[PDB]
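Taken in sequence, the protein lines are chains A and A'. A prime marks a further copy of an entry chain. 572 is the number that the entry's author numbering gives to position 572 of the first sequence; each next residue is one higher, with no gaps. 35 is the number that the entry's author numbering gives to position 35 of the second sequence; each next residue is one higher, with no gaps.
2 protein chains.
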Amino acid sequence: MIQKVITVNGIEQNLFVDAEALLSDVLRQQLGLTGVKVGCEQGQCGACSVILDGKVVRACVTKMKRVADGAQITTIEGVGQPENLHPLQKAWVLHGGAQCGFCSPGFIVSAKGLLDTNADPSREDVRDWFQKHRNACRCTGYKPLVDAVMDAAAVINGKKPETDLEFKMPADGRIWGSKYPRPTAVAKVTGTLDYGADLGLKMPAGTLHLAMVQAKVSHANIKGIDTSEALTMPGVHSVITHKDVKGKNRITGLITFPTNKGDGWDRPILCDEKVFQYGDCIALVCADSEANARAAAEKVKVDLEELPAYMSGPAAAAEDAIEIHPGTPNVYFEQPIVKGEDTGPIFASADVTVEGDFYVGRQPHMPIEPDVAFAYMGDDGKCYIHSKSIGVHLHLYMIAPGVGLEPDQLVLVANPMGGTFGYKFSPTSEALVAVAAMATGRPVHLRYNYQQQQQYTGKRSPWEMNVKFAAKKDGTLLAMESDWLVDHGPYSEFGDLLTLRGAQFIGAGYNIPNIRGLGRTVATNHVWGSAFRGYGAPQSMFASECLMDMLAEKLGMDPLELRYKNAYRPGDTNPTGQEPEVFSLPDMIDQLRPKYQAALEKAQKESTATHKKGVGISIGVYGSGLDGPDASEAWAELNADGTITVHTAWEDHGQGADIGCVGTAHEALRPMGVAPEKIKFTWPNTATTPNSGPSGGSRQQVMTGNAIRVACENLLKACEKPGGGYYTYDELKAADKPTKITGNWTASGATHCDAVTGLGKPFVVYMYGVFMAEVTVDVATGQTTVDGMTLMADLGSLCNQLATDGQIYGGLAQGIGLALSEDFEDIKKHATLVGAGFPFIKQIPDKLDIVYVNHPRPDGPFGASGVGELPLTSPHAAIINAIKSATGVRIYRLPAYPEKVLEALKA
Amino acid sequence: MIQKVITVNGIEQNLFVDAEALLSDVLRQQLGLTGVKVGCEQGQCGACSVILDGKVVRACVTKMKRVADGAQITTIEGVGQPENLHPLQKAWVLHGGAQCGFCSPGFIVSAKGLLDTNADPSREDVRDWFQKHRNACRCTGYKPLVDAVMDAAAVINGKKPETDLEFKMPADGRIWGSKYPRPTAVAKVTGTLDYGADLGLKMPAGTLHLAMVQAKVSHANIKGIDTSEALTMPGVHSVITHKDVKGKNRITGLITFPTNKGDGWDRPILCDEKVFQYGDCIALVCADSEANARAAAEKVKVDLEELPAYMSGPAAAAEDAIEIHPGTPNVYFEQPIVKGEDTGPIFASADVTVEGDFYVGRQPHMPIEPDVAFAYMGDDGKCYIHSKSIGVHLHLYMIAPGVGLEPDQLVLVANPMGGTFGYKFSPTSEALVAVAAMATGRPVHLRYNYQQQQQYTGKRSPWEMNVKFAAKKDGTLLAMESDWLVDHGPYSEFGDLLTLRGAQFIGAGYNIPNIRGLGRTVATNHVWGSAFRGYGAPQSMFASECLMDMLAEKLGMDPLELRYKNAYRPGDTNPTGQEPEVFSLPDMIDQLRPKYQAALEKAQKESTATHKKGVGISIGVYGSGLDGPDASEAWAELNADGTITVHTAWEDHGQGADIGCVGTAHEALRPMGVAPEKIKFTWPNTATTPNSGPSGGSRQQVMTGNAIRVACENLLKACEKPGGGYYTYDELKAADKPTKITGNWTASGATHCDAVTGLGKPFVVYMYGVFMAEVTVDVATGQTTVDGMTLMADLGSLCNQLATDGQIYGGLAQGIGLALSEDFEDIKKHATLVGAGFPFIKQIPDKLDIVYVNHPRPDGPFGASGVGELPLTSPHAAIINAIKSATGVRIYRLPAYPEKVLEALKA
Ligand code: FES
Ligand code: FES
Ligand code: FES
Ligand code: FES
Ligand SMILES: [Cl-]
Ligand SMILES: [Cl-]
Ligand SMILES: [Cl-]
Ligand SMILES: [Cl-]
Ligand SMILES: [Mg+2]
Ligand SMILES: [Mg+2]
Ligand SMILES: [Mg+2]
Ligand SMILES: [Mg+2]
Ligand SMILES: [Mg+2]
Ligand SMILES: [Mg+2]
């Protein structure tokens, strides 16, 4: 051990450390500076950036031996605090740079380092700095972060007053549609919002820390578990196995379709008889620290009989493949789509037909914060779980029978969280922590490392797809045929539903009167399927939007004009036979047209012999809602202090549940003149917030936004004075009148799609958009650079523009990843950010352009649709269409790795 | 466990706690708010004061169940931080209210609570508030704390500008003699100085926490130790016993006098054969936390044969008493005092003689911070100990042979510390932590609780005393006889030396030509003797100063005039035959006289039938230095940045080692124009600071102050340019000239007192003072209230007036405790602050008056003497003399408990 006397955030610290210890651990654990965020732990994400003697370093890869006596360290806590914000922190707030907020401390500390060395950077200088310092963000698409740096620099340079970093209320006093900052932004930019791992450090002494004993083969029969050596190891309390589970030890898919051949109870909580994928949790070590639990977990011995594993859909779907879940065929679900007339004769007599085989793979979510959860037994006898769940009520019912609790005896709460992008539509760690809390009676905390986040959370499910179009010479679509195979890994939850998305979204955007198709879901031993932003659209619309370009090529027609000819107009129906609710695609195409033509001309002029430029188009469509007559609930409560609490379970991945609530309520409460800072939101909790439903399906703004609107309308009625005006809280309480008022809303016009035909009216509100990608391909290396993305977006009406702009930039960046670099195919190689192709700042163009073409929705609150998933519906199709434009090469199977592109160029 | 969402220092905290947990533990351990200081842990000291929903509460006695959802908590960290100080914190700094600083956060938080309820308090309102809230201070005497509250309130009230709370540099630029604030004050008032227990919380995961297995009888032969149950208990690593000690397992007294009958190696590190006092450490449990170590320590079984214990000096000194240390008589040392002619004939022929038997007991130090230390093996192979040692070099040599290390292999460092008042002139926990670090190879931390601080640290040693005077009718002293018996408990360290103090200080202040006396030291089984501020003078001068009043009474002379007649004047010698170095007592008496006469008149006028007022006088004298030719060393270093570091081992109990260094160096460096903020001090460290010696004997200002002066003079010579002016660092470095320059100083004129006669010249500088106490006795109850204290003090020249004023107020308050309420006699009853008679604010008058009558010392730096122990030399004699003045009752045996006073009143 060594004494080190240093200065941290301006205060002399008399430190006692192990010279081998990581600075991140010292700062977080010994000094309580949990504003230093840790994600990857491998020096790849910059979340743990700190200033050390004037240099920006990653604290997770800086040992204490590199910190000299007398060193100066700055963390986010030293940059500024609430009520003493630095210009960078004010700028972040103003520009909406904190979505999940997990990367915000590291970017801000890194930026301070930049500005201390270059007071007046160009935008390009800012991008070069964040690239060099590995500052990664999965939410924002980087552009808002650069905007914030530039604004702060101008203030620091005396070129503009600091007061201009503070939001100015619009003239009308309306925050709906404005850039009003989100309530959680100050806490995020100051490092004072506690995420799950931060909460773990601030839990009491009694708390047990868990480590997973995980399968290191993809498929096996389990013969036994020997814990004897682990029990003798430092700090070890106990080891938990399936024997300690008090219920069924299975997670239920809950809404398993009746035509599914499996019962939906296939997923274990702790493996008993079998390993179904690499990483499966077989046991939990409980110890005094994460480090001691992990060390002991390595000594637990599992006796296994390894079985042949099926690592892709086609492999597992073979007619003679062995049943992974004995008694259920590996192909466990099929969804037909049967619209209009038989397609065979129409294809035979059509002027033109095209066909393609496409593949979209196992995209990894890659939030900067790896999964984390904790649980405890309350003094009320109930089991409490605090996790990254974005469907607290959903998950309660998915896990309660398995853990052995009635629903009233379990409470699920959503912690502040550093992004999910859908992986938390699935249970991950909730049942594990519940089982351990119940078995030990003690508080328990489980943190995944980044390898476990990659290997042992669910993934976008690969789809192998064949799609065909028949059309007239003038471009009018006549018919479509479709076939898709969905590799869902071993656990069925929502796999059938994902497969149904193919019937709804393959070919969406166009009038197609005649469709015949079939989706099939298959169990495999690769990673189980969890929702990933877009949930079947990124697969479906990659195929159809690439195929539209192929059809345009075969017709000798411009691909934007082919889309114009076919885009939904009054009278048309979507693939499930439903009329669209608004008709904005022609408007969006007309507004994009001159920009597209100019981009074509620029690409022609600026192309060189070695660097070929191209422009690509696609349409995107997705529903806002869960299928059928989805619903939500909110309570609007006038508090004694005159503030209003809007109680919901709107789960915040980081997308903006806080600002969605405040902005929607503010608009609904305007008759009573309620200031936005007086409106409070509630963190999701199954005991004390209503069942607003999950934050999946780009649904909350529509469903919970409407419920909030109705609750607030009902509160206004409750407060109305006869003669005009409004009663105060004290007046209502004196009259023994209610102050907490419910609102509900249901998407009553919706129906579930039919099991035989696929037809129905699954959503009452959709999102619509048109993408344009501008790319350069180096034809010597095959490397593609995306130079610009544009999204024409119809969101109906914006609740908050900082929220929507950011959602779109984030989704476009994930689209660039999906197109060019991202997969989870190789269990080890793809288990790091860099290995799996995470997009760092230089991979995302600074030119991300949005054009809102909003057509107010009949059923949306104040006319709003959702936004969340719109920007990832088909940006990757636009990008691949642009590669084709540039070079003549079509990539059919994502991603467009350089070698793959080169092989196609040279064929 | 329960979730609690509350606000702490203005920030929302999502807390997870045990409802039974103490708020102090939650704030310190879970939230890292170590500005919440914990001392007593029993709700008696206020150090852990926090604001909870507008009320000031003691966090160590507030369970989390009393903290409601939505509660607001403020700690010192929420009051203000460095560079954002609250007016209370600025005022504390300006008024010198932080000495050790341990109580400062709690007083400041408590004061904020006061001012939030009463914006314009009277001084009396402030005293009532701190009494009610149990805010205890052992350093300051409370008056500076009240001054600070009043000044802050005026600013908060807009009656004066906040800038007036900031120190204004004197016209001359001289900080010597000024009220310049101490360098450590900002850290103390903000809770950002880490004391030993705070450092323990910020140590790494690997650190083992220790608990003592202690004797629960006063005297025994040990037969065995059974650790088997303790080893099976939660979190337990190992148990350490004498078998694990690698050296002699004895602490050496090091300077044991040759005429001592014992070898000075009597004290074990871990008991082997015997228990010698209640509390002796027999074993150490090493565990993952203090709580787990303590639980397991209760299960360690010690097999003992209890022996009859001698619990007082007279008991152990009986001719037939059994030897506690077999082979050494219990009375192990005698010091004669033989000055001038045989006293018997002079007593026989004298006009008047008086005699008395007096007792001063086992006063407990009662710092607000209980003992704490830690140790580790450095990467350099050396053992490091960080503790409350106020003699790091001394303790290194006292413990190295016992722990089994050569001196170069052990390093002792003084942590910031919350007061000692002498108990840390002894080793307490240093050898214990060293043994455990060496045995385990791991860092170890040991915190005593307040019961252990009381029972198992050393104490003022009781003295049973008989003193006699012979005098002429005119009051001229002719002769003195003296006999004293010193109960030193079982461990000999510095016991012989303490006994020698009796020869030096009984009767000090007066010319007494003929003295015959004898001091004897006896081992007992009550608590071992450690220095307590005054170190033999409080005993010695209680006897002589009470006896002077008895002599005045028998002569019918005023007691101030009897002192005037006899006080040292040129030609006189002190008891050891040495001429005083200055003669300030007549000056001080003349200046006090009218104040004394006025106080007598006020007491006559304001006395009632039931409440009798009195006035009492005493003189105090003590040396500044260790005996003989004491010495110190300092290094003055010009740093590259133009600052100057003055390297010393001046140990800071809280008295002001920092400001002593800065002020002394500033004065010495004035020719070169060095600003005070450019002068740095060093925390004591045996490897990297010179052997400046211990902070005992009121010696550092003289000895180390002189060494600092000489070092700085030598640095000026090193920096001098030919032609005039001074070279800069860069100029000296370019010329390959030295920048780190040594200075030494030795008290060359001093000699050790003789073993046969007691005569010698032990100190070259003394401190001199005259006390006046004003008291009221309730003759129905026997309760004495001290209404005023005055000290005329000759300190030569003041280094810093905030430091000296505070030292005097602190010592006067300890004098009130010693006189009226304090003892450690009953092992259990006296093991709490309240039980042992700690003086809370109402016990200390707001009227504490100082008058400096400074006569510059020939050998002091810039003429300075020490101050530390002067104010505790005899204030308790003045107080008892005042009780006599009021009521006619003399208390001979301290303390003057009410029942004792009543029995005397009614006799
Ligand atoms: S770079 Fe340190 S946590 Fe990712
Ligand atoms: S805001 Fe950057 S990772 Fe979420
Ligand atoms: S009153 Fe809480 S530590 Fe003393
Ligand atoms: S300053 Fe108050 S206890 Fe030391
Ligand atoms: Cl391909
Ligand atoms: Cl490649
Ligand atoms: Cl008495
Ligand atoms: Cl009493
Ligand atoms: Mg500022
Ligand atoms: Mg079954
Ligand atoms: Mg038509
Ligand atoms: Mg202020
Ligand atoms: Mg011996
Ligand atoms: Mg004389």
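All C-beta atoms in this analysis are idealised placements derived from N, C-alpha and C, irrespective of residue type, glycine included.
Quiz item: Which class does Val338 (chain A') belong to by DSSP, given the choice of helix, strand or coil?
Solution: strand
Quiz item: Are the region 703-712 of chain A' and the region 655-669 of chain A' touching by the rule of at least three beta carbon pairs closer than 8 angstroms?
Solution: yes
Quiz item: Along the chain, which unbroken stretches of the alpha helix (DSSP H) at least 4 residues long are found entirely within the region 497-579 of chain A'?
Solution: 537-555 and 559-566
Quiz prompt | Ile368 (chain A') Cβ short of 6 angstroms to ligand 4 heavy atom set | solution = yes
Quiz item: Does the Cβ-Cβ distance between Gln89 (chain A') and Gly97 (chain A') come in under 7 angstroms?
Solution: no
Quiz item: Is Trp745 (chain A) helix, strand or coil when you go by DSSP?
Solution: strand
Quiz item: Is the closest heavy atom of ligand 5 to the C-beta of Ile891 (chain A) under 6 angstroms?
Solution: yes
Quiz item: For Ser607 (chain A), which of helix, strand or coil comes out of DSSP?
Solution: coil
Quiz item: For chain A, is any of its Cβ atoms less than 7 angstroms away from the one on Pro204 (chain A')?
Solution: yes
Quiz item: Less than 7 angstroms separating the beta-carbons of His386 (chain A') and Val413 (chain A')?
Solution: yes
Self-check item: Inter-residue Cα distance where the pair is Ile337 (chain A') and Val764 (chain A')
Solution: 20 angstroms
Practice problem: Could you list the residues in the region 373-398 of chain A with a C-beta less than 9 angstroms from some C-beta on chain A', going in chain order? | Solution: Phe374, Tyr376, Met377, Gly378, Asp379, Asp380, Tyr384 and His386
Self-check item: Which listed residue (A:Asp379, A:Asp120 and A:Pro871) has its alpha carbon closest to that of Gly697 (chain A)
Solution: A:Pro871
Quiz item: Leaving out the 5 sequence neighbours to the left and right, which residues in its chain are closer than 7 angstroms to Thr328 (chain A) when beta-carbon positions are compared?
Solution: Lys261 and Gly262
Quiz item: Are three or more beta carbon pairs between the region 824-841 of chain A and the region 765-781 of chain A nearer than 8 angstroms?
Solution: no
Exercise. Classify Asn881 (chain A') as helix, strand or coil using the three-state DSSP reduction.
Key: helix
Quiz prompt | Residues of its chain near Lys737 (chain A'), where Cβ-Cβ distance is below 8 angstroms and the 5 sequence neighbours each way are ignored | solution = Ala718 and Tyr727
Exercise. Answer yes or no: the CB of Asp263 (chain A') versus the heavy atoms of ligand 13, is any distance below 6 angstroms?
Key: yes
Exercise. Please list the partners that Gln30 (chain A) has in chain A', where partner means a Cβ-to-Cβ separation under 8 angstroms.
Key: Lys202, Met203 and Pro204
Practice problem: Below 7 angstroms CB to CB, which residues in the same chain sit around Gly141 (chain A') once its five sequence neighbours on both sides are set aside? | Solution: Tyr809, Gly810, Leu812, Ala813, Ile844 and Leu848
Quiz item: How is the beta strand (DSSP E) around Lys468 (chain A) delimited, first residue to last?
Solution: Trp463 to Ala471
Quiz prompt | Proximity below 7 angstroms, CB of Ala215 (chain A') to CB of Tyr278 (chain A') | solution = yes
Quiz item: Under 7 angstroms between the Cβ atoms of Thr686 (chain A') and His393 (chain A')?
Solution: yes
Quiz item: Thinking C-beta only, is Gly614 (chain A') closer than 7 angstroms to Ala886 (chain A')?
Solution: yes
Exercise. Please compile the residues from chain A whose C-beta is within a distance smaller than 8 angstroms of the C-beta of residue 912 (chain A').
Key: In this structure chain A' extends from 1 to 907, so residue 912 (chain A') is not present and cannot be described.
Quiz item: In its own chain, which residues sit with a C-beta less than 7 angstroms from the C-beta of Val61 (chain A'), not counting the 5 before and 5 after it?
Solution: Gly43
Quiz item: Going by alpha carbons, who is nearest to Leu114 (chain A') out of A':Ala59, A':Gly78, A':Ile51 and A':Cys100?
Solution: A':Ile51
Exercise. Could you tell me whether the Cβ of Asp826 (chain A') comes closer than 7 angstroms to any Cβ of chain A?
Key: no
Exercise. Could you spell out where the alpha helix (DSSP H) holding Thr664 (chain A') opens and where it closes?
Key: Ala657 to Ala668
Quiz item: Got a sec, what are the start and stop residues for the beta strand (DSSP E) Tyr768 (chain A) sits in?
Solution: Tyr766 to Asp778
Quiz item: Residues near ligand 8, CB to any non-hydrogen atom under 5 angstroms, in chain order?
Solution: A':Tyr897, A':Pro898 and A':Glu899
Self-check item: Residues in the region 740-759 of chain A having any Cβ partner in chain A' nearer than 7 angstroms
Solution: none
Quiz item: What residue from A':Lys828, A':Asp590 and A':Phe583 has the CA that sits closest to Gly796 (chain A')'s CA?
Solution: A':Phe583
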